[PDB]
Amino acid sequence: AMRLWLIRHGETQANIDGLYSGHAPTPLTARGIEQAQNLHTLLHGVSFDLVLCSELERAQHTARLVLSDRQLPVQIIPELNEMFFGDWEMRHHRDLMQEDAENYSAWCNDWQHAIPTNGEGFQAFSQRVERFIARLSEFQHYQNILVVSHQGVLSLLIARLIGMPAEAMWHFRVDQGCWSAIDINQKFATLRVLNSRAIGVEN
């Protein structure tokens, strides 16, 4: 009886500027901060047993805002980090087609196998998220787990938990300022909530 409460970090400056966000630092905007504050209200009644957060500061900043009233052991997991884009970090799609046309166009036509320049390909990234899924049995005695991460990770986590290939991650888009939930009972994952802005209740 394990419920994973999925949370994507708030809106960042890189989102407003339409840049690639990977391991590079970018701060939460004023709206992204208030999104995490509203989530603190919407999940105030949930008694989490553990917080799982990415190494990136914008994720940890969100986790702190959702748990302002409270105090709870937070665990920092590098497998929850967004895909590493290498030389493409904090750069726009229009500029990459002119400054790195050869590699970037191959990425646009076959993102599953083309590797971003000096970055992390999709195969290695999906293996890293798969490593986190195999690691969830370590938390078998926690009932409610809060997971603060990024859209590429959370969409892939949903896809693989309920048995789809990694390439099907884009059938699920998780949004900022919302929360999602997935239940795992006897290694069977059930998507219960996806992108809710309502008050969450334990069950």
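Residue positions are given as counts along the sequence shown, with the first one as 1.
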Select between 78 to 86 and 98 to 106 the stretch whose C-alpha atoms have the higher average B-factor in the entry.
-> 98 to 106
Could you check which stretch, 37 to 45 or 167 to 175, carries the larger mean CA temperature factor in the entry?
-> 37 to 45
For the listed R58, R160, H150, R64, which has the peak Cα B-factor recorded in the PDB entry?
-> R64
Modelled-residue ranking by C-alpha temperature factor, third containing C53 | lowest
Binned into thirds over the chain's modelled residues, the C-alpha B-factor of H23 lands in the middle
By the record's CA B-factor, is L156 among the lowest, middle or highest third of residues in the chain?
-> lowest
So where's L4 on the chain's Cα temperature factor ranking, which third?
-> middle
Taking the values exactly as deposited, rank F122 by C-alpha B-factor within its chain and report the matching third: lowest, middle or highest.
-> lowest
